[PDB]
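What follows is a set of notes on a single structure, which appears directly below.
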Amino acid sequence: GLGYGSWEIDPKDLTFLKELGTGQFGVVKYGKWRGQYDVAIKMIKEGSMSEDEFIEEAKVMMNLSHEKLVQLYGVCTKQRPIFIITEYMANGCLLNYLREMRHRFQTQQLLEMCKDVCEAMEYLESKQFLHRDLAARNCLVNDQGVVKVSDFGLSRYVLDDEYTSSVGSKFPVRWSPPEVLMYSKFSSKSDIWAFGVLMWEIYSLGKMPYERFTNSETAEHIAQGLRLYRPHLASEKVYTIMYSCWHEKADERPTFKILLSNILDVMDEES
Ligand SMILES: *CCC(=O)Nc1cccc(Nc2nc(Nc3ccc(Oc4ccnc(C(=O)NC)c4)cc3)ncc2F)c1
């Protein structure tokens, strides 16, 4: 209504129900919008985000719509902290989900998780939109076990420089290709590399990539042409797909469309 643009939600329409956790931007809550609709409410800690730049970009993010992307519903920005309102995902963060051994996942389930993410990424790629921090910790799981990609592009608005370059102590070194670590060259192909590492995370049931190495040691390892190796649960065909994401030459890495076709082929052959 009056006083709100299409990207703006009236915070008075929110009912807060439960705290979900605390991330780098602060607290996230579960609630309802207009008494009925489940939402996640991210309360952005003062000084953590380039808020004006994010708000302008939220207008673009609003129009990203794909079943395997966690939907942005709008922002509450008349205030502080500002809120980001998104789709609620009842089963939480993929990294934590993978690590719960009770699930006793079949490999077909793991491949489906990879396909969920690959469909989201193929969509983003078709819109020339980079994730820039793809990893299991940025995927969420709904009450039907569907995995969706979250926080696409959001790293661009982080003000804490520990996160923002390879010079930083919290940069995602373990999900970065050599050209990012060496030269800060981000591209579709750095998302492709990260996706291969995510596949590895899924098939490893949430192990940290390069688990015995520091970030520094990982960067060395990678730049010397060495790689993660095959998780026990990955068939040779699945390993070929994730490994293809790690070509030293970025242009020799597949597209998300090609990865999706490869994943579908393996599903058909392994079903
Ligand atoms: C792996 C990184 C991570 O944890 N990320 C993250 C945490 C909280 C919220 C958030 N955004 C977000 N979350 C959700 N839903 C959701 C559902 C369940 C859940 O798990 C959980 C909730 C409360 N308490 C615990 C716990 O272990 N207590 C001891 C676990 C977390 C989040 N939907 C949409 C979102 F955007 C991301």
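Both counts, for ligands and for their atoms, begin at 1 and track the order of listing. The first residue in the sequence is number 1, and the count goes up from there. Because only heavy atoms are used, hydrogens play no part in the values below, and waters and symmetry mates are left out as well, while side chains stay in.
Near ligand 1, residues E19, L20, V28, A40, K42, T86, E87, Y88, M89, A90, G92, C93, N96, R137, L140 come within 4.0 angstrom through at least one heavy atom.
Aromatic ring pairs are classed by plane angle as parallel below 30°, tilted from 30° to 60° and perpendicular above 60°; the pair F129 and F152 is perpendicular. Ring pair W246/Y243 is perpendicular by interplanar angle, where above 60° counts as perpendicular and below 30° as parallel.
Taken from SG in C114 to CD in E112, the straight-line distance is 9.5 Å, to the nearest 0.5 Å.
Looking at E201 and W175, their side chains do bring a donor and an acceptor atom within 3.5 Å of each other. In this model, no donor atom of one side chain and acceptor atom of the other lie less than 3.5 Å apart for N91 and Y97.
In this structure, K29 forms a cation-pi arrangement with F16, its terminal cationic atom sitting closer than 6.0 Å to the ring centre and no more than 45° off the ring axis.
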